[PDB]
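What follows is the content of structure12.cif, which has mmCIF, C-alpha atoms:
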data_start
loop_
_atom_site.label_atom_id
_atom_site.label_comp_id
_atom_site.auth_asym_id
_atom_site.auth_seq_id
_atom_site.Cartn_x
_atom_site.Cartn_y
_atom_site.Cartn_z
CA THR A 109 15.05 13.11 -0.99
CA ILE A 110 13.05 10.03 0.13
CA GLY A 111 9.64 10.70 1.72
CA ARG A 112 8.29 8.38 4.39
CA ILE A 113 4.69 7.43 5.13
CA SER A 114 3.85 6.55 8.69
CA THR A 115 2.02 3.19 9.05
CA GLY A 116 0.12 4.46 12.15
CA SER A 117 2.41 2.32 14.41
CA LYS A 118 5.58 3.76 16.11
CA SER A 119 6.87 0.15 16.59
CA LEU A 120 6.37 -0.68 12.85
CA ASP A 121 7.74 2.71 11.67
CA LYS A 122 10.90 2.13 13.79
CA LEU A 123 11.39 -1.33 12.15
CA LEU A 124 10.93 0.34 8.69
CA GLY A 125 13.33 3.18 9.52
CA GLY A 126 10.60 5.83 9.84
CA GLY A 127 7.87 4.56 7.52
CA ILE A 128 7.30 3.23 4.00
CA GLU A 129 9.62 5.01 1.60
CA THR A 130 8.79 6.87 -1.68
CA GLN A 131 10.73 5.79 -4.93
CA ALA A 132 10.52 2.21 -3.50
CA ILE A 133 8.14 -0.78 -3.43
CA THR A 134 7.21 -2.08 0.01
CA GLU A 135 6.03 -5.75 -0.30
CA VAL A 136 4.00 -7.01 2.61
CA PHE A 137 3.28 -10.76 2.70
CA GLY A 138 1.26 -13.11 4.87
CA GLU A 139 -1.90 -15.26 5.09
CA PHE A 140 -5.39 -13.62 4.99
CA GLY A 141 -6.16 -11.55 8.14
CA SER A 142 -2.43 -11.00 8.91
CA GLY A 143 -2.82 -7.17 8.72
CA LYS A 144 -1.56 -6.67 5.12
CA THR A 145 -4.94 -5.19 3.97
CA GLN A 146 -5.49 -3.23 7.23
CA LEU A 147 -2.01 -1.61 6.73
CA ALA A 148 -2.88 -0.73 3.03
CA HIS A 149 -6.12 0.98 4.23
CA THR A 150 -4.26 2.89 7.01
CA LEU A 151 -1.58 4.04 4.52
CA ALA A 152 -4.31 5.40 2.09
CA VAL A 153 -5.40 7.70 4.99
CA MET A 154 -1.88 8.46 6.56
CA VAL A 155 -0.34 9.67 3.20
CA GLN A 156 -2.99 12.44 3.18
CA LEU A 157 -1.70 13.96 6.45
CA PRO A 158 1.02 16.74 6.62
CA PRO A 159 4.65 15.48 7.07
CA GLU A 160 4.51 16.47 10.81
CA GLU A 161 1.62 13.97 11.26
CA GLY A 162 3.29 11.19 9.26
CA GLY A 163 1.95 11.98 5.81
CA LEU A 164 3.07 13.55 2.55
CA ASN A 165 -0.13 15.68 1.92
CA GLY A 166 -0.69 13.28 -1.01
CA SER A 167 -3.41 11.32 -2.82
CA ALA A 168 -3.65 7.52 -2.89
CA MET A 169 -4.40 5.05 -5.64
CA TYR A 170 -5.88 1.66 -4.48
CA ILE A 171 -5.65 -1.12 -7.08
CA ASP A 172 -7.81 -4.04 -5.87
CA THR A 173 -7.56 -7.57 -7.36
CA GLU A 174 -9.69 -9.53 -4.83
CA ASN A 175 -12.43 -7.15 -3.49
CA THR A 176 -10.39 -6.15 -0.36
CA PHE A 177 -11.10 -2.39 -0.47
CA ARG A 178 -13.63 -1.24 2.17
CA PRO A 179 -14.70 2.49 2.11
CA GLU A 180 -16.50 2.17 5.47
CA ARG A 181 -13.09 1.09 6.94
CA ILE A 182 -11.50 4.25 5.34
CA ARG A 183 -14.40 6.29 6.89
CA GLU A 184 -13.67 4.75 10.38
CA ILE A 185 -9.87 5.19 10.24
CA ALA A 186 -10.37 8.81 9.04
CA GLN A 187 -13.07 9.59 11.72
CA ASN A 188 -10.94 8.19 14.55
CA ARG A 189 -7.90 10.11 13.22
CA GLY A 190 -9.92 13.40 13.33
CA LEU A 191 -10.10 13.77 9.53
CA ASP A 192 -13.08 14.29 7.25
CA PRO A 193 -14.08 10.81 5.94
CA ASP A 194 -15.59 12.29 2.74
CA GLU A 195 -12.43 14.33 1.95
CA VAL A 196 -10.25 11.21 2.65
CA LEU A 197 -12.37 8.97 0.32
CA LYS A 198 -12.13 11.70 -2.32
CA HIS A 199 -8.32 11.48 -2.53
CA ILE A 200 -8.24 7.65 -2.74
CA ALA A 201 -8.56 6.60 -6.44
CA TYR A 202 -10.09 3.12 -6.46
CA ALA A 203 -9.52 0.92 -9.51
CA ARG A 204 -10.50 -2.73 -9.65
CA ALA A 205 -8.21 -5.14 -11.58
CA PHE A 206 -10.30 -7.82 -13.42
CA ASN A 207 -7.23 -9.86 -14.59
CA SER A 208 -3.37 -9.70 -14.82
CA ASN A 209 -3.38 -7.90 -18.22
CA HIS A 210 -5.92 -5.28 -17.04
CA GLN A 211 -3.84 -5.00 -13.78
CA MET A 212 -0.78 -3.96 -15.87
CA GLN A 213 -3.06 -1.72 -18.03
CA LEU A 214 -4.12 0.17 -14.83
CA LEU A 215 -0.44 1.22 -14.28
CA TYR A 216 -0.81 3.26 -17.53
CA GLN A 217 -4.11 4.95 -16.46
CA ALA A 218 -2.32 5.46 -13.10
CA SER A 219 0.40 7.43 -15.02
CA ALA A 220 -2.28 9.60 -16.79
CA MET A 221 -3.93 10.37 -13.39
CA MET A 222 -0.53 11.05 -11.72
CA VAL A 223 0.33 13.72 -14.42
CA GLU A 224 -3.01 15.67 -14.11
CA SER A 225 -2.50 15.58 -10.29
CA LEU A 226 1.21 16.56 -10.21
CA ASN A 227 0.53 20.31 -10.27
CA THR A 228 -2.14 20.23 -7.53
CA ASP A 229 -1.83 20.67 -3.75
CA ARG A 230 -2.59 16.86 -3.48
CA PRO A 231 -0.48 14.93 -6.02
CA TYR A 232 -0.31 11.09 -5.79
CA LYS A 233 2.19 9.90 -3.18
CA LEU A 234 0.99 6.31 -2.77
CA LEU A 235 -0.04 3.49 -5.07
CA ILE A 236 -1.38 0.35 -3.40
CA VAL A 237 -1.63 -2.96 -5.24
CA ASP A 238 -3.69 -5.40 -3.10
CA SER A 239 -2.69 -8.07 -4.05
CA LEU A 240 0.21 -8.17 -6.51
CA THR A 241 0.08 -11.86 -7.62
CA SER A 242 -3.52 -13.21 -7.28
CA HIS A 243 -4.37 -12.86 -11.03
CA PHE A 244 -0.89 -14.16 -12.08
CA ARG A 245 -1.22 -17.23 -9.79
CA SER A 246 -4.79 -18.11 -10.94
CA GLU A 247 -4.04 -17.58 -14.69
CA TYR A 248 -0.72 -19.52 -14.99
CA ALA A 255 8.55 -19.50 -15.81
CA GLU A 256 5.97 -17.62 -17.99
CA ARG A 257 3.63 -15.61 -15.60
CA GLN A 258 7.16 -15.07 -14.11
CA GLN A 259 7.88 -13.01 -17.28
CA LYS A 260 4.65 -10.81 -16.98
CA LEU A 261 5.25 -10.54 -13.21
CA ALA A 262 8.78 -8.95 -13.03
CA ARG A 263 7.61 -6.60 -15.90
CA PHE A 264 4.67 -5.36 -13.77
CA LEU A 265 7.19 -4.75 -10.95
CA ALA A 266 9.30 -2.74 -13.49
CA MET A 267 6.31 -0.40 -14.32
CA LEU A 268 5.73 -0.02 -10.52
CA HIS A 269 9.41 1.03 -10.08
CA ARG A 270 9.12 3.44 -13.05
CA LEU A 271 6.02 5.00 -11.37
CA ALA A 272 7.74 5.22 -7.95
CA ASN A 273 10.77 7.11 -9.42
CA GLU A 274 8.77 9.00 -12.11
CA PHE A 275 6.25 10.46 -9.63
CA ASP A 276 8.14 10.29 -6.25
CA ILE A 277 5.52 7.90 -4.85
CA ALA A 278 5.66 5.08 -2.34
CA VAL A 279 4.51 1.77 -3.88
CA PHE A 280 2.88 -0.59 -1.43
CA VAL A 281 2.06 -4.15 -2.50
CA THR A 282 0.48 -7.03 -0.61
CA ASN A 283 1.26 -10.69 -1.22
CA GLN A 284 1.25 -14.15 0.35
CA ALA A 309 11.67 -5.28 -5.10
CA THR A 310 12.45 -2.90 -2.25
CA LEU A 311 11.66 -4.21 1.28
CA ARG A 312 9.84 -7.49 2.00
CA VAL A 313 7.90 -7.54 5.30
CA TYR A 314 6.46 -10.85 6.63
CA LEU A 315 3.25 -10.40 8.68
CA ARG A 316 1.60 -12.90 11.02
CA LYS A 317 -1.18 -12.97 13.62
CA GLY A 318 -0.16 -12.78 17.28
CA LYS A 319 -1.85 -12.80 20.69
CA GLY A 320 -4.53 -11.72 21.28
CA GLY A 321 -5.56 -9.69 18.22
CA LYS A 322 -2.03 -8.29 17.81
CA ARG A 323 0.00 -8.67 14.60
CA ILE A 324 3.75 -9.28 14.16
CA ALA A 325 5.95 -7.87 11.39
CA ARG A 326 9.38 -9.20 10.33
CA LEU A 327 11.85 -7.56 7.87
CA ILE A 328 13.08 -10.01 5.17
CA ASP A 329 16.49 -9.71 3.39
CA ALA A 330 16.64 -5.92 4.10
CA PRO A 331 20.08 -4.59 2.93
CA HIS A 332 19.99 -1.29 4.93
CA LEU A 333 17.83 -2.20 7.94
CA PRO A 334 18.33 -4.80 10.76
CA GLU A 335 16.07 -7.94 10.57
CA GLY A 336 14.02 -7.48 13.78
CA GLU A 337 10.30 -7.75 14.60
CA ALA A 338 7.57 -5.31 15.59
CA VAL A 339 4.18 -5.77 17.27
CA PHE A 340 1.15 -3.69 16.23
CA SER A 341 -2.59 -3.65 16.79
CA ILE A 342 -5.50 -3.52 14.36
CA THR A 343 -7.83 -0.88 15.93
CA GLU A 344 -10.48 1.75 15.04
CA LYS A 345 -7.61 4.11 13.91
CA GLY A 346 -6.54 1.37 11.39
CA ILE A 347 -3.18 0.23 12.68
CA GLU A 348 -1.23 1.48 15.75
CA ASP A 349 0.78 0.08 18.70
#

Representation of the structure as structure tokens:
Amino acid sequence: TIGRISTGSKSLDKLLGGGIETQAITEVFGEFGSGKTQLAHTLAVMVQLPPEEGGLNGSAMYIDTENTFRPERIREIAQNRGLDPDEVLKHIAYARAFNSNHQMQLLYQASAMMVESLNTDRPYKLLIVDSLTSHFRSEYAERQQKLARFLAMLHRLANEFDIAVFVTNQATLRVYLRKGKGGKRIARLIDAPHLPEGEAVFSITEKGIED
């Protein structure tokens, strides 16, 4: 049974078929400021909510490769969603990735953390990798070896722990993001085999992301 995490946006959830799916890797790509990082932050809060509110009562793991994680943004999203910001921050496991090899290494200390948490009322239900390729790009056919291997460990983790894997870039589900007018963002499903290739409009607000 696939679990779905609400993005915060009805329009975006509809395009995704209800939300980002567990046992799958959602890959969101676009230029900087396109909403990819705002969506990752909103998901780290949403996952924590009960299923009736668009969550999976789960914990989140935020792997950061380019200093994109902002706890005061988590605080804001949580506050404006009527949650305790301190409790929300508590169930978001932040790990910084210093290079591609350490990035892959973190998947293993993600597994260790996911086991200890499995028999709790808040097991991990989301693993964010913001961004997937930055270290691979800046360090290197080869690099293409070490990449599709990293994606393999991500899949193992998604199936192994019934977690949604959410990656940003510039797999399962590729979503192209772009800025719109005025401060709106536009999403577009790419090569989706089970969903139609439409578009959805969403806003970056105080609640993270919404219509």

> Where does the PyMOL selection byres ((chain A and resi 204) around 6) land in this file, that is, which residues does it pick, as JSON, numbers by chain?
Replying inline: {"A": [171, 172, 203, 205]}

Output check: residues returned by the PyMOL selection byres ((chain A and resi 270) around 12), as a short mmCIF file (atom, residue, chain, number, x, y, z; two decimals) with C-alpha atoms, in the coordinates of the input:
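Okay, out_39.cif is ready:
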data_model
loop_
_atom_site.label_atom_id
_atom_site.label_comp_id
_atom_site.auth_asym_id
_atom_site.auth_seq_id
_atom_site.Cartn_x
_atom_site.Cartn_y
_atom_site.Cartn_z
CA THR A 130 8.79 6.87 -1.68
CA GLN A 131 10.73 5.79 -4.93
CA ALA A 132 10.52 2.21 -3.50
CA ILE A 133 8.14 -0.78 -3.43
CA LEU A 215 -0.44 1.22 -14.28
CA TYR A 216 -0.81 3.26 -17.53
CA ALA A 218 -2.32 5.46 -13.10
CA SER A 219 0.40 7.43 -15.02
CA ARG A 263 7.61 -6.60 -15.90
CA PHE A 264 4.67 -5.36 -13.77
CA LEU A 265 7.19 -4.75 -10.95
CA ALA A 266 9.30 -2.74 -13.49
CA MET A 267 6.31 -0.40 -14.32
CA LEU A 268 5.73 -0.02 -10.52
CA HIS A 269 9.41 1.03 -10.08
CA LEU A 271 6.02 5.00 -11.37
CA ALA A 272 7.74 5.22 -7.95
CA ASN A 273 10.77 7.11 -9.42
CA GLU A 274 8.77 9.00 -12.11
CA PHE A 275 6.25 10.46 -9.63
CA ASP A 276 8.14 10.29 -6.25
CA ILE A 277 5.52 7.90 -4.85
CA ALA A 278 5.66 5.08 -2.34
CA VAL A 279 4.51 1.77 -3.88
#

>> Let me make sure I understand: among A:315, A:152, A:338, A:330, which one has the smallest atom-to-atom distance to residue 237 in chain A if we use only C-alpha atoms?
In response: A:152

>> Please compute the CA of residue 197 in chain A-CA of residue 123 in chain A distance, one decimal, in Å.
In response: 28.5 Å

Kindly provide, as JSON, the centre and edge lengths (Å, one decimal) of an axis-aligned box around all atoms of range 335-341 of chain A given in the file, with 6 Å on each side.
{"center_x": 6.7, "center_y": -5.8, "center_z": 13.9, "size_x": 30.7, "size_y": 16.3, "size_z": 18.7}

>> Taking 6 positions as the minimum chain separation for residues in the same chain, which residues sit within 9 Å of residue 146 in chain A when counting all atoms listed in the file? Answer as a list in words.
In response: residues 181, 342, 346 and 347 of chain A

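Among A:309, A:151, A:255, A:169, the residue with the shortest atom-to-atom distance to residue 217 in chain A, counting only C-alpha atoms, is A:169.
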
>> On this structure, the PyMOL selection byres ((chain A and resi 145) around 9) would catch which residues? List them as JSON, numbers by chain, sorted by chain and number.
In response: {"A": [140, 141, 142, 143, 144, 146, 147, 148, 149, 150, 176, 177, 238, 239, 282]}

>> Which residue is closest to residue 136 in chain A? Choose from A:212, A:261, A:223, A:281 and count only C-alpha atoms.
In response: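 Among A:212, A:261, A:223, A:281, it is A:281 that comes nearest to residue 136 in chain A.
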
> Can you tell me, as number ranges by chain, what residues are no more than 12 Å from residue 124 in chain A when counting all atoms listed in the file, ignoring any on the same chain fewer than 2 positions away?
Replying inline: A: 112-115, 117-122, 126-129, 134-136, 310-313, 325-328, 330-338

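In terms of minimum interatomic distance to residue 244 in chain A, A:208 ranks closest within A:220, A:174, A:208, A:318, counting all atoms listed in the file.
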
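CA of residue 317 in chain A to CA of residue 137 in chain A spans 12.0 Å [interatomic distance, one decimal].
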
> Taking into account all atoms listed in the file, which residue in the set A:194, A:260, A:116, A:184 is nearest to residue 162 in chain A?
Replying inline: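 Once distances to residue 162 in chain A are computed over all atoms listed in the file, the minimum belongs to A:116.
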
Missing atoms of range 136-157 of chain A rebuilt to N, CA and C atoms, written as a CSV table (one decimal), in the frame of the given file:
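Listed below is the output, selection_37.csv:
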chain,number,residue,atom,x,y,z
A,136,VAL,N,4.4,-6.4,1.4
A,136,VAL,CA,4.0,-7.0,2.6
A,136,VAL,C,3.3,-8.4,2.3
A,137,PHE,N,3.8,-9.4,3.0
A,137,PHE,CA,3.3,-10.8,2.7
A,137,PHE,C,2.9,-11.5,4.0
A,138,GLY,N,1.8,-12.3,3.8
A,138,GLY,CA,1.3,-13.1,4.9
A,138,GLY,C,0.0,-13.8,4.4
A,139,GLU,N,-0.6,-14.6,5.3
A,139,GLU,CA,-1.9,-15.3,5.1
A,139,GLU,C,-3.0,-14.2,5.2
A,140,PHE,N,-4.3,-14.5,4.9
A,140,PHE,CA,-5.4,-13.6,5.0
A,140,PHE,C,-5.6,-13.3,6.5
A,141,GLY,N,-5.9,-12.0,6.8
A,141,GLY,CA,-6.2,-11.6,8.1
A,141,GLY,C,-4.9,-11.1,8.9
A,142,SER,N,-3.7,-11.3,8.3
A,142,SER,CA,-2.4,-11.0,8.9
A,142,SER,C,-2.1,-9.5,9.1
A,143,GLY,N,-3.0,-8.6,8.6
A,143,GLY,CA,-2.8,-7.2,8.7
A,143,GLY,C,-2.4,-6.5,7.4
A,144,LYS,N,-2.1,-7.2,6.4
A,144,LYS,CA,-1.6,-6.7,5.1
A,144,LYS,C,-2.6,-5.7,4.5
A,145,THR,N,-3.9,-6.0,4.5
A,145,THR,CA,-4.9,-5.2,4.0
A,145,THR,C,-5.3,-4.1,4.9
A,146,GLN,N,-5.2,-4.3,6.3
A,146,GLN,CA,-5.5,-3.2,7.2
A,146,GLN,C,-4.4,-2.1,7.2
A,147,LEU,N,-3.1,-2.5,6.9
A,147,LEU,CA,-2.0,-1.6,6.7
A,147,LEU,C,-2.2,-0.8,5.4
A,148,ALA,N,-2.6,-1.4,4.3
A,148,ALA,CA,-2.9,-0.7,3.0
A,148,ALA,C,-3.9,0.4,3.3
A,149,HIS,N,-5.0,0.0,4.0
A,149,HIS,CA,-6.1,1.0,4.2
A,149,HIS,C,-5.6,2.2,5.1
A,150,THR,N,-4.8,1.9,6.1
A,150,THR,CA,-4.3,2.9,7.0
A,150,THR,C,-3.3,3.8,6.2
A,151,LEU,N,-2.5,3.2,5.4
A,151,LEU,CA,-1.6,4.0,4.5
A,151,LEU,C,-2.3,5.0,3.6
A,152,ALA,N,-3.5,4.6,3.0
A,152,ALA,CA,-4.3,5.4,2.1
A,152,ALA,C,-4.8,6.7,2.8
A,153,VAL,N,-5.0,6.6,4.1
A,153,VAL,CA,-5.4,7.7,5.0
A,153,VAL,C,-4.2,8.5,5.4
A,154,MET,N,-3.1,7.8,6.1
A,154,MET,CA,-1.9,8.5,6.6
A,154,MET,C,-1.2,9.4,5.6
A,155,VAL,N,-1.0,8.9,4.3
A,155,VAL,CA,-0.3,9.7,3.2
A,155,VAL,C,-0.9,11.1,3.0
A,156,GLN,N,-2.2,11.2,3.4
A,156,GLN,CA,-3.0,12.4,3.2
A,156,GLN,C,-2.7,13.5,4.2
A,157,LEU,N,-2.0,13.1,5.3
A,157,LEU,CA,-1.7,14.0,6.4
A,157,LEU,C,-0.5,14.8,6.2
